[PDB]
Structure formats: structure tokens, C-alpha cells
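Student: My questions will all concern the structure given below.
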Amino acid sequence: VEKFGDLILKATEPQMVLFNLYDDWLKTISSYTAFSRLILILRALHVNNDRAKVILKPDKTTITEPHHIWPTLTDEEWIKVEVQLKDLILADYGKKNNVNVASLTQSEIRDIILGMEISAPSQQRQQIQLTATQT
Amino acid sequence: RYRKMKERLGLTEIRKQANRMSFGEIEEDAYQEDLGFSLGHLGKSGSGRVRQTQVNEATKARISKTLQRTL
Amino acid sequence: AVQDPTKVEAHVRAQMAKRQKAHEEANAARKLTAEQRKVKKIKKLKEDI
RNA sequence: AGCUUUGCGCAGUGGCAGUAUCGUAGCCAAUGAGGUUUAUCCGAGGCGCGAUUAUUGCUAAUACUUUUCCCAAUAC
């Protein structure tokens, strides 16, 4: 987020500071809905940080006042922007892993959003029609 | 109800840690009255964690409902 | 809630509001009207003649 | 005309415990069940039997190939 970067990159004399990522969300949404929204937004910013920057401004007004960090947006539009953000994360995962986004299961999407997924090397062996042979 | 009963019978970290036993690190035989009684990685300075483990409140012994009404 | 948190929370609160609305309309469909309360009190206080 | 008490229903929001919940065309019981303390005193259920995940219901987790077209003269 460019506020954090503009602060830290041009700061000296190390000092503690306090923020709040639930800008005005707690007035209308719960705590672990705010956390899930934050996780989605942060995963997106980890994915692109520029496409999600455009998604975070669905209009050109997009009043992100200096009083807080996230744009002042309504819950009904929050649902739509969350859908677009989820689509972005899935599209990037599919692009990088050559998978099909429609083929992902529910728990697959949950694991994609939360953390990461385990691979499978060739050294991992599952050693755990009939052709008769005379010997 | 299922969550509470599973948490009560669940294997707590302190009870999980008493299940283990170090390999080749011989413990002193505390508790004369019964040899073979040994805590696991509870305090043996083996491979556990730095801080002491905490008692789970769900394992605290409680009395019955009929016993309470008689009390 | 991991996938669409705001939509899920809105659905949950819609269910909560539906339950509260059902409770309140059940209370309202029985609530005694002011005319009915008055006539009830008057009839209870009248009949000892 | 509000305020408020008791009991009973319908709900809603919570909290607590799964060694207990329910049944009783079985028996006994305020014409007295049970009495360890407070006994010339207290005052209700008790016993036997039965069901059970120690109340009972749901919901979900534990998967892909049927089809249907073909070679030929500007000639004794």
C-alpha cells in the first residue's frame, strides 16, 4: 500500500506507529468478515498490486480519505469488488499453474486464498490388461 | 455437545508431550512408589519447547449433577 | 466466507432479520387493539350488577 | 389511565451440562412419598420395569468415450 511505502521509505529515527485496517468496516460488518475481506485484498495485492489497484477504484471519484487507508465503499459494491478480486486471484493461479479456474473445487479455492498448495515431485513414488510371461 | 465432548477427551499438549520419550537420554527414576512412571518431554530438557506447558481448563475434574444436588 | 465474505455475512444477517421479523409479526398478529383492550377492561369491570 | 405480581402458552436473544433425558391401560402416595442433621420436628413424589450416541432428528463428507461418408476415358 502506497501510504505505508511513502511513510517507511522516507522515514528515519525508528519509532512505533499504530494503524487500523478496519477503517469504517466495523460500523457495518463483523470482525471476521472484516478479516476475511482483508485477507482477500492482501492476497490480491500480493498477486498483482497493480491490477487490484485499479479494482480498488471502481470509479474515478473513489473517496479514499486521508483519515484511513481503504476506499470508502458500500457493502453492496463490496460484494462485487470482492467477487472481482477473487476472480483475479483464481485467474493468476490458473495462469501460473496451467490449471482451469472452472475446475477448481471449493476447498481448492479456500486453500488458494488462505495459503498455498503442495506439489508432487517425481521422486515421490506411489509404490504403496494382464501380460503373460514365460520364464 | 460433540465439540465439547471431543475437547474434553482430546489429547492436550501436556498429555501429548507426556506420551513421548527421548531416545538414549536416560531419565532419573522419580516417584519411588511406581517405577516406569515417567513424564515424557514434560521437563526432561529433551526436544520440547522453551516455555512450560499450560494446563487445559477443559480437563479440570468436575462433579456430577446428582452429586451436586446432594451436596 | 473465505471466498465471498461480505455476501456470506449479508446472507447470515438476512436470515437473522428473517427470524426477528417472523417473531415480531407473530407478536403483532396477536397484539390486542386499543379498542379491544378498552372493551375487555370495561367488560371485566362491568358485570358485577 | 399508566405501573406492577403470579401462573400458563407461543416465540426471540443468550448462558450452562451430556453419568442423564424421557416413558409408566405397572405399584404405592397429602386417608402422607420420603426423612442423615432441626424429630411432640420437616413435607412430595418414590419404587420396580423400559428406551438410549447417558434425549432425539435431520444435512453434508467418506463420480466416465453414445453416434458418422466415399476412385476412375477426351476409346478398337
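All residue names refer to the C-alpha cells as shown: chains lettered A, B, ... in order, residues numbered from 1 in each chain, ligands numbered from 1 in order.
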Set the cut-off to 10 Å and count only C-alpha atoms: what are the residues of chain C that reach chain A? Output as a list in words.
Tutor: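 Selected residues: residues 1, 2, 3, 4, 5, 6, 7, 8, 9, 10 and 13 of chain C.
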Student: Give me, as an mmCIF file with N, CA, C and O atoms, in the first residue's frame, the residues of chain C touching chain D, with the criterion being at most 10 Å (counting only C-alpha atoms (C1' of nucleotides)).
Tutor:
```
data_model
loop_
_atom_site.group_PDB
_atom_site.id
_atom_site.type_symbol
_atom_site.label_atom_id
_atom_site.label_comp_id
_atom_site.auth_asym_id
_atom_site.auth_seq_id
_atom_site.Cartn_x
_atom_site.Cartn_y
_atom_site.Cartn_z
ATOM 1 N N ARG C 19 -35.678 -14.231 10.949
ATOM 2 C CA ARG C 19 -36.148 -14.796 12.212
ATOM 3 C C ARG C 19 -36.763 -13.724 13.104
ATOM 4 O O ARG C 19 -37.837 -13.928 13.686
ATOM 5 N N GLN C 20 -36.098 -12.573 13.218
ATOM 6 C CA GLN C 20 -36.641 -11.497 14.042
ATOM 7 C C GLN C 20 -37.950 -10.966 13.478
ATOM 8 O O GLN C 20 -38.867 -10.641 14.240
ATOM 9 N N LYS C 21 -38.054 -10.864 12.155
ATOM 10 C CA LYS C 21 -39.287 -10.408 11.534
ATOM 11 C C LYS C 21 -40.416 -11.392 11.784
ATOM 12 O O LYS C 21 -41.542 -10.981 12.066
ATOM 13 N N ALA C 22 -40.132 -12.693 11.688
ATOM 14 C CA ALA C 22 -41.153 -13.691 11.985
ATOM 15 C C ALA C 22 -41.613 -13.585 13.432
ATOM 16 O O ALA C 22 -42.818 -13.624 13.716
ATOM 17 N N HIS C 23 -40.669 -13.424 14.359
ATOM 18 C CA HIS C 23 -41.033 -13.269 15.764
ATOM 19 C C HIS C 23 -41.899 -12.032 15.976
ATOM 20 O O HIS C 23 -42.927 -12.086 16.665
ATOM 21 N N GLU C 24 -41.518 -10.915 15.359
ATOM 22 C CA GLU C 24 -42.267 -9.683 15.560
ATOM 23 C C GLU C 24 -43.639 -9.729 14.902
ATOM 24 O O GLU C 24 -44.595 -9.182 15.454
ATOM 25 N N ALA C 26 -45.402 -12.445 14.482
ATOM 26 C CA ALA C 26 -46.183 -13.311 15.357
ATOM 27 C C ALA C 26 -46.686 -12.545 16.573
ATOM 28 O O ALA C 26 -47.838 -12.718 16.989
ATOM 29 N N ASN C 27 -45.841 -11.691 17.154
ATOM 30 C CA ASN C 27 -46.307 -10.844 18.250
ATOM 31 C C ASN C 27 -47.376 -9.858 17.792
ATOM 32 O O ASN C 27 -48.341 -9.609 18.523
#
```
Student: Would you compute the distance between atom CA of residue B:19 and atom CA of residue B:3? Give it in Å to one decimal.
Tutor: 23.3 Å
Student: Near residue D:47, counting only C-alpha atoms (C1' of nucleotides), which residues have an atom at most 12 Å away, once you skip same-chain residues fewer than 4 positions from it, shown as a list in words?
Tutor: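 The neighbour list is residues 24, 26, 27, 28, 29, 33 and 34 of chain D.
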Student: What would the file look like if the residues just selected were written as a PDB file, in the first residue's frame with N, CA and C atoms (P, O5', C5', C4', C3', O3' and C1' of nucleotides)?
Tutor:
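result_0.pdb, written as the output of this step:
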```pdb
ATOM      1  P     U D  24     -46.432 -41.841  30.355  1.00  0.00           P
ATOM      2  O5'   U D  24     -46.650 -43.239  31.074  1.00  0.00           O
ATOM      3  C5'   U D  24     -46.660 -44.451  30.333  1.00  0.00           C
ATOM      4  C4'   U D  24     -46.418 -45.635  31.231  1.00  0.00           C
ATOM      5  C3'   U D  24     -47.306 -45.664  32.474  1.00  0.00           C
ATOM      6  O3'   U D  24     -47.734 -46.987  32.759  1.00  0.00           O
ATOM      7  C1'   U D  24     -45.030 -45.716  33.114  1.00  0.00           C
ATOM      8  P     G D  26     -51.338 -52.241  32.428  1.00  0.00           P
ATOM      9  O5'   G D  26     -51.043 -51.801  33.930  1.00  0.00           O
ATOM     10  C5'   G D  26     -49.857 -51.097  34.263  1.00  0.00           C
ATOM     11  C4'   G D  26     -49.114 -51.760  35.397  1.00  0.00           C
ATOM     12  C3'   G D  26     -49.405 -51.235  36.795  1.00  0.00           C
ATOM     13  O3'   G D  26     -50.585 -51.780  37.357  1.00  0.00           O
ATOM     14  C1'   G D  26     -47.073 -51.418  36.495  1.00  0.00           C
ATOM     15  P     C D  27     -51.391 -50.975  38.488  1.00  0.00           P
ATOM     16  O5'   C D  27     -50.390 -50.923  39.726  1.00  0.00           O
ATOM     17  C5'   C D  27     -50.118 -52.086  40.494  1.00  0.00           C
ATOM     18  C4'   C D  27     -49.200 -51.792  41.655  1.00  0.00           C
ATOM     19  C3'   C D  27     -49.634 -50.673  42.585  1.00  0.00           C
ATOM     20  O3'   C D  27     -50.629 -51.064  43.511  1.00  0.00           O
ATOM     21  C1'   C D  27     -47.353 -50.407  42.065  1.00  0.00           C
ATOM     22  P     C D  28     -51.661 -49.973  44.078  1.00  0.00           P
ATOM     23  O5'   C D  28     -50.768 -49.058  45.027  1.00  0.00           O
ATOM     24  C5'   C D  28     -50.186 -49.597  46.202  1.00  0.00           C
ATOM     25  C4'   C D  28     -49.204 -48.647  46.841  1.00  0.00           C
ATOM     26  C3'   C D  28     -49.715 -47.260  47.178  1.00  0.00           C
ATOM     27  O3'   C D  28     -50.535 -47.216  48.330  1.00  0.00           O
ATOM     28  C1'   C D  28     -47.596 -47.079  46.175  1.00  0.00           C
ATOM     29  P     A D  29     -51.758 -46.177  48.391  1.00  0.00           P
ATOM     30  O5'   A D  29     -51.051 -44.753  48.435  1.00  0.00           O
ATOM     31  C5'   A D  29     -50.256 -44.380  49.547  1.00  0.00           C
ATOM     32  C4'   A D  29     -49.632 -43.022  49.360  1.00  0.00           C
ATOM     33  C3'   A D  29     -50.571 -41.894  48.986  1.00  0.00           C
ATOM     34  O3'   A D  29     -51.333 -41.407  50.074  1.00  0.00           O
ATOM     35  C1'   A D  29     -48.653 -41.782  47.636  1.00  0.00           C
ATOM     36  P     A D  33     -46.732 -42.782  52.974  1.00  0.00           P
ATOM     37  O5'   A D  33     -45.600 -42.542  51.884  1.00  0.00           O
ATOM     38  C5'   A D  33     -45.820 -42.873  50.524  1.00  0.00           C
ATOM     39  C4'   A D  33     -44.771 -42.253  49.642  1.00  0.00           C
ATOM     40  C3'   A D  33     -43.348 -42.332  50.162  1.00  0.00           C
ATOM     41  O3'   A D  33     -42.743 -43.587  49.921  1.00  0.00           O
ATOM     42  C1'   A D  33     -43.788 -40.144  49.403  1.00  0.00           C
ATOM     43  P     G D  34     -41.967 -44.339  51.103  1.00  0.00           P
ATOM     44  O5'   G D  34     -40.816 -43.318  51.515  1.00  0.00           O
ATOM     45  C5'   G D  34     -39.711 -43.104  50.654  1.00  0.00           C
ATOM     46  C4'   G D  34     -39.054 -41.767  50.889  1.00  0.00           C
ATOM     47  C3'   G D  34     -38.210 -41.634  52.142  1.00  0.00           C
ATOM     48  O3'   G D  34     -36.935 -42.239  52.022  1.00  0.00           O
ATOM     49  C1'   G D  34     -39.570 -39.723  51.904  1.00  0.00           C
TER      50        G D  34
END
```
Student: Step one, run DSSP on the backbone; step two, keep only residues of chain C assigned to helix (DSSP H, G or I); then write them as a CSV table (one decimal) with N, CA, C and O atoms, in the first residue's frame.
Tutor:
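To be explicit, this is the file written out as selection.csv:
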```csv
chain,number,residue,atom,x,y,z
C,5,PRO,N,-16.7,-13.0,1.6
C,5,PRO,CA,-17.1,-12.7,3.0
C,5,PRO,C,-18.3,-11.8,3.2
C,5,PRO,O,-19.2,-12.1,4.0
C,6,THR,N,-18.3,-10.7,2.5
C,6,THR,CA,-19.4,-9.7,2.6
C,6,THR,C,-20.8,-10.3,2.2
C,6,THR,O,-21.8,-10.1,2.9
C,7,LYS,N,-20.8,-11.1,1.1
C,7,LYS,CA,-22.0,-11.7,0.7
C,7,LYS,C,-22.5,-12.7,1.7
C,7,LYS,O,-23.7,-12.8,2.0
C,8,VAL,N,-21.6,-13.5,2.3
C,8,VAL,CA,-22.0,-14.5,3.3
C,8,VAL,C,-22.5,-13.9,4.5
C,8,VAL,O,-23.5,-14.3,5.1
C,9,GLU,N,-21.8,-12.8,5.0
C,9,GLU,CA,-22.3,-12.1,6.2
C,9,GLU,C,-23.7,-11.4,5.9
C,9,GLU,O,-24.5,-11.4,6.8
C,10,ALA,N,-23.9,-10.9,4.7
C,10,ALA,CA,-25.2,-10.4,4.4
C,10,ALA,C,-26.3,-11.4,4.4
C,10,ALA,O,-27.4,-11.2,4.8
C,11,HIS,N,-25.9,-12.6,3.8
C,11,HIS,CA,-26.9,-13.7,3.9
C,11,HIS,C,-27.2,-14.1,5.3
C,11,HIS,O,-28.4,-14.4,5.7
C,12,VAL,N,-26.2,-14.2,6.2
C,12,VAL,CA,-26.4,-14.6,7.6
C,12,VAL,C,-27.3,-13.6,8.3
C,12,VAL,O,-28.2,-13.9,9.0
C,13,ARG,N,-27.0,-12.3,8.1
C,13,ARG,CA,-27.8,-11.2,8.7
C,13,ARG,C,-29.2,-11.2,8.1
C,13,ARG,O,-30.2,-10.8,8.8
C,14,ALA,N,-29.4,-11.6,6.8
C,14,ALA,CA,-30.7,-11.7,6.2
C,14,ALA,C,-31.5,-12.8,6.9
C,14,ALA,O,-32.7,-12.6,7.2
C,15,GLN,N,-30.8,-13.9,7.2
C,15,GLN,CA,-31.5,-15.0,8.0
C,15,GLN,C,-31.9,-14.5,9.4
C,15,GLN,O,-33.0,-14.8,9.9
C,16,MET,N,-31.0,-13.8,10.0
C,16,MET,CA,-31.2,-13.3,11.4
C,16,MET,C,-32.4,-12.3,11.4
C,16,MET,O,-33.3,-12.4,12.2
C,17,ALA,N,-32.4,-11.4,10.4
C,17,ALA,CA,-33.5,-10.5,10.3
C,17,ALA,C,-34.8,-11.2,9.9
C,17,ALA,O,-35.9,-10.7,10.4
C,18,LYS,N,-34.8,-12.3,9.1
C,18,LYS,CA,-36.0,-13.0,8.8
C,18,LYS,C,-36.5,-13.7,10.1
C,18,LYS,O,-37.8,-13.6,10.3
C,19,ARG,N,-35.7,-14.2,10.9
C,19,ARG,CA,-36.1,-14.8,12.2
C,19,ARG,C,-36.8,-13.7,13.1
C,19,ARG,O,-37.8,-13.9,13.7
C,20,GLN,N,-36.1,-12.6,13.2
C,20,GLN,CA,-36.6,-11.5,14.0
C,20,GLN,C,-38.0,-11.0,13.5
C,20,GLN,O,-38.9,-10.6,14.2
C,21,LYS,N,-38.1,-10.9,12.2
C,21,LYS,CA,-39.3,-10.4,11.5
C,21,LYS,C,-40.4,-11.4,11.8
C,21,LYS,O,-41.5,-11.0,12.1
C,22,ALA,N,-40.1,-12.7,11.7
C,22,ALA,CA,-41.2,-13.7,12.0
C,22,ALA,C,-41.6,-13.6,13.4
C,22,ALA,O,-42.8,-13.6,13.7
C,23,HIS,N,-40.7,-13.4,14.4
C,23,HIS,CA,-41.0,-13.3,15.8
C,23,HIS,C,-41.9,-12.0,16.0
C,23,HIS,O,-42.9,-12.1,16.7
C,24,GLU,N,-41.5,-10.9,15.4
C,24,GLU,CA,-42.3,-9.7,15.6
C,24,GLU,C,-43.6,-9.7,14.9
C,24,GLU,O,-44.6,-9.2,15.5
C,25,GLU,N,-43.8,-10.4,13.7
C,25,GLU,CA,-45.1,-10.4,13.1
C,25,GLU,C,-46.0,-11.4,13.9
C,25,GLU,O,-47.2,-11.2,13.9
C,26,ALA,N,-45.4,-12.4,14.5
C,26,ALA,CA,-46.2,-13.3,15.4
C,26,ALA,C,-46.7,-12.5,16.6
C,26,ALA,O,-47.8,-12.7,17.0
C,27,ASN,N,-45.8,-11.7,17.2
C,27,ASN,CA,-46.3,-10.8,18.2
C,27,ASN,C,-47.4,-9.9,17.8
C,27,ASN,O,-48.3,-9.6,18.5
C,28,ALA,N,-47.2,-9.3,16.6
C,28,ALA,CA,-48.2,-8.3,16.1
C,28,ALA,C,-49.5,-8.9,15.8
C,28,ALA,O,-50.5,-8.3,16.0
C,29,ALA,N,-49.5,-10.1,15.2
C,29,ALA,CA,-50.8,-10.7,14.7
C,29,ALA,C,-51.7,-11.0,15.9
C,29,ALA,O,-52.9,-11.3,15.7
C,30,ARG,N,-51.1,-11.1,17.1
C,30,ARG,CA,-51.9,-11.3,18.3
C,30,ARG,C,-52.1,-10.1,19.2
C,30,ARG,O,-53.0,-10.1,20.0
C,34,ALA,N,-56.3,-1.3,20.9
C,34,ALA,CA,-56.6,-0.4,22.0
C,34,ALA,C,-58.1,-0.5,22.2
C,34,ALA,O,-58.6,-0.5,23.4
C,35,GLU,N,-59.0,-0.5,21.2
C,35,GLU,CA,-60.4,-0.7,21.4
C,35,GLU,C,-60.7,-2.0,22.1
C,35,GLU,O,-61.5,-2.1,23.0
C,36,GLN,N,-60.0,-3.1,21.6
C,36,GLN,CA,-60.2,-4.4,22.3
C,36,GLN,C,-59.8,-4.4,23.7
C,36,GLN,O,-60.5,-5.0,24.6
C,37,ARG,N,-58.6,-3.8,24.0
C,37,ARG,CA,-58.2,-3.7,25.4
C,37,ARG,C,-59.2,-2.9,26.3
C,37,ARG,O,-59.5,-3.3,27.4
C,38,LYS,N,-59.7,-1.8,25.7
C,38,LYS,CA,-60.6,-1.0,26.5
C,38,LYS,C,-61.9,-1.7,26.7
C,38,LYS,O,-62.5,-1.7,27.8
C,39,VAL,N,-62.5,-2.4,25.7
C,39,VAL,CA,-63.7,-3.1,25.9
C,39,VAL,C,-63.5,-4.3,26.8
C,39,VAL,O,-64.4,-4.6,27.6
C,40,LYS,N,-62.4,-4.9,26.8
C,40,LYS,CA,-62.0,-6.0,27.7
C,40,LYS,C,-62.0,-5.5,29.1
C,40,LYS,O,-62.7,-6.1,30.0
C,41,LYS,N,-61.3,-4.4,29.4
C,41,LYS,CA,-61.3,-3.9,30.7
C,41,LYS,C,-62.7,-3.4,31.2
C,41,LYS,O,-63.1,-3.7,32.4
C,42,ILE,N,-63.4,-2.8,30.3
C,42,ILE,CA,-64.8,-2.3,30.7
C,42,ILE,C,-65.7,-3.5,31.0
C,42,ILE,O,-66.4,-3.5,32.0
C,43,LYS,N,-65.6,-4.6,30.2
C,43,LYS,CA,-66.5,-5.7,30.4
C,43,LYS,C,-66.1,-6.5,31.7
C,43,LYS,O,-67.0,-7.0,32.4
C,44,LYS,N,-64.8,-6.5,32.0
C,44,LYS,CA,-64.4,-7.1,33.2
C,44,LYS,C,-64.8,-6.3,34.4
C,44,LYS,O,-65.2,-6.9,35.5
C,45,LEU,N,-64.9,-5.0,34.3
C,45,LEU,CA,-65.3,-4.2,35.4
C,45,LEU,C,-66.8,-3.9,35.5
C,45,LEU,O,-67.2,-3.2,36.4
C,46,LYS,N,-67.5,-4.4,34.5
C,46,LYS,CA,-69.0,-4.0,34.4
C,46,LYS,C,-69.8,-5.1,35.1
C,46,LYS,O,-70.7,-4.7,35.9
```
Student: Near chain D, which residues of chain B fall within 9 Å when you count only C-alpha atoms (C1' of nucleotides), and what do they look like as a list in words?
Tutor: residues 1, 5, 64, 65 and 66 of chain B
Student: Write the residues you've just listed into a file as a PDB file, in the first residue's frame, and include N, CA, C and O atoms for each of them.
Tutor:
```pdb
ATOM      1  N   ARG B   1     -22.412 -30.004  21.654  1.00  0.00           N
ATOM      2  CA  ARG B   1     -22.147 -31.122  22.550  1.00  0.00           C
ATOM      3  C   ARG B   1     -20.988 -31.967  22.049  1.00  0.00           C
ATOM      4  O   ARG B   1     -20.113 -32.355  22.831  1.00  0.00           O
ATOM      5  N   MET B   5     -17.466 -32.519  24.043  1.00  0.00           N
ATOM      6  CA  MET B   5     -17.023 -33.853  24.427  1.00  0.00           C
ATOM      7  C   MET B   5     -15.733 -34.259  23.735  1.00  0.00           C
ATOM      8  O   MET B   5     -14.949 -35.014  24.318  1.00  0.00           O
ATOM      9  N   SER B  64     -20.659 -34.596  39.349  1.00  0.00           N
ATOM     10  CA  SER B  64     -21.859 -34.908  38.585  1.00  0.00           C
ATOM     11  C   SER B  64     -22.967 -33.912  38.917  1.00  0.00           C
ATOM     12  O   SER B  64     -22.805 -32.994  39.725  1.00  0.00           O
ATOM     13  N   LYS B  65     -24.120 -34.094  38.278  1.00  0.00           N
ATOM     14  CA  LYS B  65     -25.296 -33.280  38.540  1.00  0.00           C
ATOM     15  C   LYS B  65     -26.048 -33.776  39.770  1.00  0.00           C
ATOM     16  O   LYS B  65     -26.464 -32.975  40.611  1.00  0.00           O
ATOM     17  N   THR B  66     -26.233 -35.093  39.881  1.00  0.00           N
ATOM     18  CA  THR B  66     -26.868 -35.653  41.068  1.00  0.00           C
ATOM     19  C   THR B  66     -26.001 -35.452  42.303  1.00  0.00           C
ATOM     20  O   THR B  66     -26.508 -35.135  43.386  1.00  0.00           O
TER      21      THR B  66
END
```
